[PDB]
Amino acid sequence: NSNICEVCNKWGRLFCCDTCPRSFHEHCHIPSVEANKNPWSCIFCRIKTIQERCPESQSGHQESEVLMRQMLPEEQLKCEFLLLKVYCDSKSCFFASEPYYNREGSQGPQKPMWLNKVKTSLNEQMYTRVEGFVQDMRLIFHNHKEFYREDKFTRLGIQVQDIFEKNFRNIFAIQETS
Ligand SMILES: [Zn+2]
Ligand SMILES: [Zn+2]
Ligand SMILES: [Zn+2]
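Counting from 1 along the sequence shown, just add 104 to a position and that's the residue number in my numbering.
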């Protein structure tokens, strides 16, 4: 196994995958690394199994159909993995915890949102369709762009949204376009 957390790239108390060489902090993995289960397989491994069981699942899909899917176990997992792919980027730190808004010339968003809130909502099974999860994730970046206006810090929202969108298209096999 690797000697660093796959998500945050630090050492520490790490749980090792049985079917691949990745390792995780307990609360860096999503879902949080399970109490027992020997062997244990990481989310990366579980996602790869879905693809291997149903190779046609990699054929192109329309985003509108994906969003309307109900959050059955495989879609739950896919959203957990997409969330984890965002935490994998170090720039996710800016969006992880609850924000506050006090900048001259700007007003805070009407509906604040942040990654740990989306993480709790997934854990609590609060999303009934893929659309709910995707709307909250895009809302994080949209709130940031609106609030920061012409400050160059706006760019952090563009950067982390690009990580989200590339991973969304990969994980849910969105049909490639020009
Ligand atoms: Zn970690
Ligand atoms: Zn694994
Ligand atoms: Zn199949």
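We treat Cβ as the ideally placed atom computed from N, Cα and C, and that holds for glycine.
In the DSSP assignment, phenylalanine 119 forms a beta bridge with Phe128.
A Cβ closer than 6 Å to some heavy atom of ligand 1 marks a residue here, and those residues are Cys109, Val111, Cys112, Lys114, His129, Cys132. In this structure, the CA atom of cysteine 146 is about 31 Å from the CA atom of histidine 246. Sorted by position in the chain, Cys158, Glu160 make up the residues whose C-beta lies under 6 Å from a heavy atom of ligand 3. With 7 Å as the limit, the residues whose C-beta approaches a heavy atom of ligand 2 more closely than that are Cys121, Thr123, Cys124, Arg126, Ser145, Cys146, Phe148, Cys149, in chain order. Here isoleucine 134 is not near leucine 181, since their CB atoms are 7 Å or more apart. Note that the region 161–181 does not touch the region 195–214; fewer than 3 beta-carbon pairs, one per stretch, sit closer than 8 Å.
Going by DSSP, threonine 258 is part of the alpha helix (DSSP H) stretching over 258–275. In summary, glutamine 265 is buried, with 16 or more beta-carbon neighbours lying within 10 Å of its beta-carbon over all protein chains present.
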